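Each chain is listed here by its residues.
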Amino acid sequence: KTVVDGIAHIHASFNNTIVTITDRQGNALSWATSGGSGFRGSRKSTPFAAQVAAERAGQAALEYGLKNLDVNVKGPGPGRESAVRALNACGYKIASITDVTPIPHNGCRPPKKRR
Amino acid sequence: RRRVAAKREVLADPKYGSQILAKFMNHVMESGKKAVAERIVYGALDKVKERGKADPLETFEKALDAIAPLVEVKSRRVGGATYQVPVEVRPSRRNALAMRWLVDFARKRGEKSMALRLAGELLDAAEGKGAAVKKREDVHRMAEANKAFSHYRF
Amino acid sequence: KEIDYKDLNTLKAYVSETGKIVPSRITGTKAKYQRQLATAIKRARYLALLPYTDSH
Amino acid sequence: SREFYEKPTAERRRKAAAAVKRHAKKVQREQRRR
RNA sequence: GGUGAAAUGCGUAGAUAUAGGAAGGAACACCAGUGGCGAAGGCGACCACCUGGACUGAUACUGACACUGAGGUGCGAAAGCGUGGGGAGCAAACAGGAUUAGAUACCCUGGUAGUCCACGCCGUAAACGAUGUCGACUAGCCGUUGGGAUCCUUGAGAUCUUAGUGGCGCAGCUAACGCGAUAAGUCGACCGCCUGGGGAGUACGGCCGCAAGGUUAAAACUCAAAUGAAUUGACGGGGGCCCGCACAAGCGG
């Protein structure tokens, strides 16, 4: 295949950072997580490892084209803004970031407060 | 905690007329006497170039071309784990380990003559295939996890 | 005068870019008209004259 | 965020200092502005 | 690569997951406000219907019809309790997984009661403003909510007037803290209550409840004290400033 433009997600939890490249037909191309690059345990829920994890999304997406991308960010953790600068550096001239963080309007009740 | 420290090295000699090897008589006069140290202090200068072709300083000037790390490792903590800060420092800081580390690591070789022992790796500062140019690039390697340790929480 | 869910040129002035209603500490509005604003918003919002969230 | 449930006793504890930092803002600065 | 640190659900069953659809409960972001309404408990999406009280403006009417209230009788967070739906999420119990001398817990992964709806019960809370209800009076200033009226008037507004809701503060009161037209001032009408600390809101009785239990409510015995508020200090795994080779540069068991 060769698709020239796609929409590219970042799941940016407090624990991990998952980056999935899709097309505008939403079908996943290349996923790279912040623990899938050999991390496994405590340390790097940090913008360091998303800088490592977002580039592996890049150079595996550089198989089917994908010049321009659209970035959907989803989650509160660090590695939120250091995965979109780790993404143009792989040779992407991304149009605009977009925030999709799910917010309930009142929703379910959350878990108990940690002590 | 203002720093009232004032640095000013004297760089002039009646024998060599160098820069960072003129006032060095401090570690070559090994707590004893200058009479015995005078043939060991400036006896090695004309012993490093007496085995090769170029002048003593020729391979003495190229010590800070392969023995000076490009980062720093001073620790600091904020509310989690201690994170050091590595970045391009001033020449002085970077070029301090590019002589003394090459110089002090000569006791684990020790061939004939004390002055040859001091001059043992002074001619190595060009190709950098010795031990002083083995820890130079090593410093750079231990900064992947410390790469983003400077602004945020540092 | 009495602001209304039909008057979208008035209601769009207190709707933020993400769709949210802007408070009374940002726009200078009286407390009677604010709580009358956030009803005409919620009627036009319901009636699909205004989005709830930014997205579409 | 909305990470944990905030029991509505501790959620009904509001106004950190907003009748000081926005009400006595034009009071404690009146040592110079007279 | 959660964190004061790792352990459970996954790949001849596809793994957090798509730009997708459907179902189902439950809570209604923003507005949101020392904001509002209600006797209190309480009540947050939107629209309709049924309904309560307040506020407000003039005018007309009744003519003390009022105030309080032992009994009594209603309404009362939560959790519990029957009886039947419901069941996302969360989660006493409980299973493991950690952490620690142990951990019976705090942390993790689950998770039935319960939370939700209907009818019935319970009748309790730091049910608090720790402040009974009603009425009259007593310096000011600064906000705010619902009205009203005056102001050259554009209101961008201003002033007085009411009913609320707040922040200071004179007099006064208070052991002090503090309260101060929302009194803890000045007085009045009525009610409830208290009499050293434990024992104890406990036994026994009565009443109520299906139960859990509630309510009314003591004595023996015991001790010389408990208690309030402020003061000085010492202390804190409280906070903020500051210092010293205290923290790491070229020392050495």
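Its PDB header names cryo-EM as the technique used to obtain the model and reports a resolution of 2.95 Å.

(A) How the structure looks around the overall build of chain D. Check the secondary structure of chain D and you find zero helices and zero strands. Principal axes of the C-alpha set define a box for chain D whose edges measure 50 × 20 × 10 Å. Burial statistics for chain D: of 34 residues in total, 6% are counted as buried. Looking at chain D as shown, the accessible area adds up to about 3900 Å², and 45% of this sits on carbon and sulfur atoms. The centroid of the 14 positive side-chain charges in chain D is displaced by 11 Å from the centroid of its 4 negative side-chain charges.

(B) How the structure looks around the overall build of chain A. A tally of regular secondary structure across chain A gives one helix and five strands. A globule of 115 residues ought to have a C-alpha radius of gyration of about 13 Å, and chain A, at 15 Å, matches this closely. With respect to the three principal axes, the spread of C-alpha positions in chain A is 50 × 35 × 20 Å. For chain A, the proportion of contacts with a sequence separation of at least 24, taken over those separated by at least 6, is 61%.

(C) Fine view of the interface of chain D and chain A. At the junction of the two partners, chain D supplies four residues and chain A supplies 10 residues. Its residues placed into classes, the side of chain D that touches chain A shows two nonpolar, no polar and two charged.

(D) Highlighting the protein's contact with RNA strand E. Around RNA strand E there are 53 residues in total, and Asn15, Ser42 and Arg114 of chain A, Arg43 of chain C together with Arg2 of chain D lie nearest to it. Those atoms of RNA strand E that come within 4 Å of the protein belong to sugar or phosphate at a rate of 68%. Residue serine 42 of chain A places a side-chain N or O atom 2.4 Å away from a base nitrogen belonging to RNA strand E. In the model, a base oxygen of RNA strand E is placed 3.1 Å from a nitrogen or oxygen of the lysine 42 of chain C side chain. Residue composition of the surface near RNA strand E, grouped by class: 14 nonpolar, 18 polar and 21 charged.

(E) Structural context of the nonpolar core. Core analysis: the largest hydrophobic core is formed by 22 residues, its most contacted members being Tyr42, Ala63, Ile67 and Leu102 of chain B. Setting aside residues no more than four positions away along its own chain, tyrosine 42 of chain B makes contact with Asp13, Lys15, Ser18, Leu21, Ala22, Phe24 and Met25 of chain B. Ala12, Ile21, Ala50 and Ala61 of chain A belong to the second largest nonpolar core, which has 19 residues in total.

(F) Looking closely at the sheet that holds strand β2 (residues 18-22) of chain A. Residues and elements named next belong to chain A. Taken together, the five strands give an open sheet; going across it, the order is β3-β2-β1-β4-β5, and neighbouring strands pair in mixed fashion. Lying at the two open borders of the sheet, with one neighbouring strand each, are β3 (28-33) and β5 (97-99). Put simply, the sheet's adjacent strands are angled 20° from each other on average, direction ignored. The sheet contact formed by β2 and β3 spans five bridges and is antiparallel. Paired with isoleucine 21 across the two strands is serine 30, which belongs to β3.

(G) Representation of a nonpolar patch on the surface. A cluster of nonpolar residues, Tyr46, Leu47, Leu49 and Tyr52 of chain C, forms a patch on the protein surface that exposes about 460 Å² of accessible area. With respect to the element layout, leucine 47 of chain C can be found in the segment after α2 (31-46).

(H) Looking closely at a positive patch on the surface. Positive charge collects at one region of the surface, where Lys25, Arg29, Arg32 and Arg33 of chain D lie side by side. Classification of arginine 32 of chain D by relative accessible area gives exposed; the value is 68%.

(I) The arrangement of unusual backbone geometry in detail. In this structure, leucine 66 of chain A is a non-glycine residue whose phi angle is positive, near 60°. Structurally, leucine 66 of chain A is set in strand β4 (residues 65-74). When its relative accessible area of 0% is taken as the criterion, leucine 66 of chain A is described as buried. Of note, the phi angle at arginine 153 of chain B is positive, near 55°, even though the residue is not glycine.

(J) Representation of the pattern of salt bridges in the model. All names here are of chain D. According to the stated counting rule, one finds eight salt bridges over all chains in the structure shown. When the shortest N-O distance is used, the salt bridge between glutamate 11 and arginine 14 registers 2.5 Å. On the accessibility criterion, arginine 14 (64% relative accessible area) is exposed.

(K) Main features of the packing of aromatic side chains. Residue and element names in this part refer to chain B. What the rule picks out here adds up to three aromatic pairs over all chains. Seen from their ring centres, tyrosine 16 and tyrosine 42 are 6.4 Å apart, and the 35° between their planes marks the pair as tilted. Of this pair, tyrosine 16 sits in the segment before α1 (34-41) while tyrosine 42 sits in the loop between α1 and α2 (45-48), and the two are 26 residues apart along the sequence. Put simply, the rings of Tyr16, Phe24 and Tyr42 pair up and form one aromatic cluster.

About the cut-offs
- Residues numbered from 1 in each chain as written, not as in the entry; some residues may be left out.
- Chains lettered and ligands numbered in written order.
- Part of a larger assembly, values for the part shown.
- Heavy atoms only, no water.
- Residues with missing side-chain atoms left out of burial classes, pairs and counts.
- Helix = DSSP H or I, 4+ residues; strand = E, 2+ residues; numbered from the N terminus.
- Buried < 20%, exposed > 50% of the residue type's maximum accessible area, 1.4 Å probe, protein only.
- Areas by Shrake-Rupley, 256 points an atom, 1.4 Å probe, with all protein chains shown as cover.
- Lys, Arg positive; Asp, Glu negative; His and termini not counted.
- Charge placed at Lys NZ, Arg CZ, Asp CG, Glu CD.
- Rg over C-alpha atoms; globule rule 2.2 N^0.38 Å.
- Contact = heavy atoms within 4.5 Å.
- Nonpolar A, V, L, I, M, F, W, Y, C, P; charged D, E, K, R; others polar.
- Near = heavy atom within 4 Å.
- Polar contact = N/O pair within 3.5 Å; in protein donor to acceptor, adjacent residues only side chain to side chain.
- Core = buried A, V, L, I, M, F, W, Y, C linked by side-chain atoms within 4.5 Å.
- Pairing = 2+ DSSP bridges.
- Axes fitted to C-alpha atoms, helices over the stretch in contact; angles between N-to-C directions.
- Patch = residues over 30% accessible without salt bridge, like charges linked within 9 Å, V, L, I, M, F, W, Y side chains within 5 Å.
- Salt bridge = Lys/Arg side-chain N within 4 Å of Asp/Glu carboxyl O.
- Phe/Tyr/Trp six-rings, centres within 6.5 Å; stacked < 30°, edge-to-face > 60°.

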